[PDB]
Every structure is written in structure tokens, then in C-alpha cells.
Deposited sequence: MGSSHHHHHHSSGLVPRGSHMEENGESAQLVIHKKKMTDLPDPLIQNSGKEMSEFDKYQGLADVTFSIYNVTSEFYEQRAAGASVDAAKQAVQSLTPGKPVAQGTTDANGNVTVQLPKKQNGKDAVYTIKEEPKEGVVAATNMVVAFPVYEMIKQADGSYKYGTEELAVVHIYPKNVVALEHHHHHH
């Protein structure tokens, strides 16, 4: 009933691990805070938003206390576990990078369960993400 979310923080110059990103240095000691936006997603949906629009909307929301937080290790990685469901519904989370001196923070990202490899037929129990700031890139 929980999935692992593996967050890879890269200094940038599918849902599965992507070897392409190994060209970039991993950044240690970066904290990510993960917020439950499940209710907010379903509200957007009930108001007629598409799945994509609903995700885009809740991307800017960080309601309440983070359900999880993790700080990257020496290689730039951290795993957190997240419930696949919240209040009986397929869960949606907003992932926020905490500000850190000398680091360009990623834009907030949304992860909506279940996750399929981008879509394949097998649900992922391990989801890999690579938060980035495209405007900065």
C-alpha cells in the first residue's frame, strides 16, 4: 500500500531510473518536502479539470504538514515512502525542493498514483524522479 519515491537531485547543465541523468553531478544535503494534494486534485477533477490540468493546478499547492521529507545523500539521492492511497483514493503529491545556498531549486513536481512507465501496463512500486528548473537550464 506504499510506494518508494526515489528523488535524484542533479546539477543540470519515465518514472524509472534514467541512466542519461548520470552525466550530471548529484547534489548532497538537499531537502525535499512532499505534500498530500489528493483532496485538492479530486476537487479540481470534480470541477471539470483534465488530469493534466488538475496536476498543473495542484503543483503550486503545499497544504498542511509534509507527509514526508528527505535529504539527499552524498550521491544526491533520497528515498521516501508514500501511501498509494489517501482517504481511499489514488494519491497525489506535490514535491517541493527546500531552498539551499548555491543550489538552483527545482520547480515543484507532482506524482499521481498509480504510476506506470511513460504508459505501460505494469504499475511501479518504485518511482524515480529528477526534479529540475527548466527556466534556469
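Numbering the deposited sequence from 1, one finds several regions with no C-alpha coordinates, namely 1 to 25, 39 to 47, 153 to 161, 181 to 187.
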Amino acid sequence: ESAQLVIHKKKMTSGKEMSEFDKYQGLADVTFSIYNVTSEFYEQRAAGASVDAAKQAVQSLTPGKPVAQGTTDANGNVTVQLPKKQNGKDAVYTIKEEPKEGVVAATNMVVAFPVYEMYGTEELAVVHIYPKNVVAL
From here on, numbers count along this sequence of modelled residues.
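If you average the C-alpha B-factors over 49 to 57 and over 24 to 32, the higher value belongs to 24 to 32. In this crystal structure, the stretch out of 80 to 88 and 97 to 105 whose C-alpha atoms carry the higher mean B factor is 97 to 105. Which of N75, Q44, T71, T38 has the largest Cα B-factor in the deposited entry comes down to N75. In the deposited entry, the Cα temperature factor of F113 places it in the lowest third of its chain's modelled residues.
Ranked by C-alpha B-factor against the other modelled residues of its chain, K9 falls in the middle third.
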